[PDB]
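Heads up, the chain below is alone and in the form deposited in one PDB entry; it's given as structure tokens.
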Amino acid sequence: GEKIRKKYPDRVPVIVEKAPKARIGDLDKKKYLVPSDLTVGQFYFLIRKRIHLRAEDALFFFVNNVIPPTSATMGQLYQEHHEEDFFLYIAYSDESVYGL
């Protein structure tokens, strides 16, 4: 990570975690290296299989307490959900109840 920065200072070291008591597939790693130009549609792909989900499972990414559509890019999120002073933080869950 620290070394991946000096060499790839233009990339985006995103972090991964689950909501409180989440219930999605297992996880092999919690840190993806994606370029800032990638769109939310591309990232949703590299995690999909990482969440052991497919067909029509349920899932929703929450970043910095937000849930924007796939009309954005991780690179732009860098300045938004950087969370820690080095990498960014993104978690996900399998719930979607209907607010009242």
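Residues carry their position along the shown sequence, with the first being 1.
Unshown form deposited with a partner chain bound; subsequent notes refer to it.
None of the heavy atoms of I90 is located within 4.5 Å of its partner chain in the deposited bound form. A residue is said to contact a partner when one of its heavy atoms sits within 4.5 Å of a partner heavy atom; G75 fails this definition for its partner chain in the deposited bound form, lying far away. The closest non-hydrogen atom of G25 lies beyond 4.5 Å of its partner chain in the deposited bound form.
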